[PDB]
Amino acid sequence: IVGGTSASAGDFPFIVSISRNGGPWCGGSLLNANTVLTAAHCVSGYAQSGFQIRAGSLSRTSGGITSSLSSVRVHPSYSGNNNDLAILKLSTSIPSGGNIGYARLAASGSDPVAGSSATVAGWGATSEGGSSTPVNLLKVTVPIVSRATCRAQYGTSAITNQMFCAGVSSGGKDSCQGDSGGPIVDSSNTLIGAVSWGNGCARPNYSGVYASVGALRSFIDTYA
């Protein structure tokens, strides 16, 4: 997260950190006791034994409850940057309570409204190209950018109906490498997307791009 501030305990009861080969890798959202939502690009084709999830902590390295993975299912139309969502099944079930809870999802068919406020969270880099990652969770609030303006930035074909955009035109606030797969929520803390891609991090006139939960709800509901 670039331009962010520290999250507090219980801000995102459903957030998980995803390590790979013992190092930081991605974020995700806990949907139920044995199911995590993340970005397909975080997991597709990699050895599943390399991943560990941690729930219930602000720290990616300590605290909370950990689990290995039992299975990985990517969206059937994942291709390039499009449809960038995956469902992970956990070997160890994670009960709700305390600072752990399960995500509330955007309604099927919904699309975030331009100019509304969204909050994104993760343990990724705090500058583009940054090598050091924070131990504790950061968050930032940015407005939704209309799909039309996002298409003016990236190209008409680059931004699909299963993506939405968020950022500030002058830059300085964004998700970045290591944030992929983690949550973006609306102002009610409903899960509207997962961190997916963008041109660098926090650049003027290049919004962050997010996979849309509202658009991909049928996939989630089938396999969660």
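Quick note: we count residues from 1 along the sequence shown, nothing fancier.
Once the C-alpha B-factors are averaged per stretch, 98-106 and 128-136 rank with 128-136 first. Stretches 140-148 and 80-88 differ in mean CA B factor, with 140-148 having the higher one.
The entry lists C-alpha B-factors for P183, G56, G198, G155, and the highest of these is at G155. The PDB entry assigns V120 a C-alpha temperature factor belonging to the lowest third of its chain's modelled residues.
Ranked by Cα temperature factor within the chain, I65 sits in the middle third according to the deposited record. For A33, the recorded CA B-factor ranks within the middle third of the chain. Only modelled residues enter the ranking. Residue-level temperature factors show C165 in the lowest third of its chain, judged at the C-alpha atom. Per the PDB record, residue ranking by Cα B-factor puts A224 in the highest third of the chain.
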